[PDB]
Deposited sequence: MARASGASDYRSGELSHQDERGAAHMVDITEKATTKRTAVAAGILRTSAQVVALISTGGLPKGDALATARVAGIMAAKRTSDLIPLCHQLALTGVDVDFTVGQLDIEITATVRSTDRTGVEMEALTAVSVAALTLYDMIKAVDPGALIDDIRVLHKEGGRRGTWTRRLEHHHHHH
């Protein structure tokens, strides 16, 4: 029981996901009251780098040259929605890169806050848009 990858213009993919935590934690992330530092900046950077490493992590993904990567945060009362937008010019889509960016930003957020809220959840990681193209 094994595996095999697939074979071979401008593309875009958007993924999102949610960190669910306490109102205290969300507020510390926003105002930067955490002892470990700025969670949003650290998570943004981690996710951006994780996008580029997708083929390192996910065995059957191809190495693709990404042309731009954005990590955005929408802060609510109890949660933070992470949106990752990835662009490329290659022979295949870039949703995997977007998803991994989302996942690693979320893991990083969690790392920054785990001493304050160890029960924090990472939820609803999904593709929002993909450009064969919907």
Exercise. Which runs of the deposited chain sequence never show up in the coordinates?
Worked result: 1-21, 30-34, 158-164, 168-175
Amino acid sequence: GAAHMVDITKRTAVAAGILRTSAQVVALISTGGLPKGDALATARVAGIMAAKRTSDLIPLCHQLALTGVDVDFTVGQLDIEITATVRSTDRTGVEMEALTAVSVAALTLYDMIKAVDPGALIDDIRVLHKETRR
From here on, numbers count along this sequence of modelled residues.
Exercise. Which has higher Cα B-factors on average according to the PDB entry: 101-109 or 69-77?
Worked result: 69-77
For this session: Determine, for stretches 25-33 and 46-54, which one has the higher mean CA B-factor as deposited.
Result: 25-33
Problem set entry | Third of chain Cα B-factors occupied by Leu40 | middle
Exercise. When the modelled residues of the chain are sorted by Cα temperature factor, does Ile82 land in the lowest, middle or highest third?
Worked result: lowest
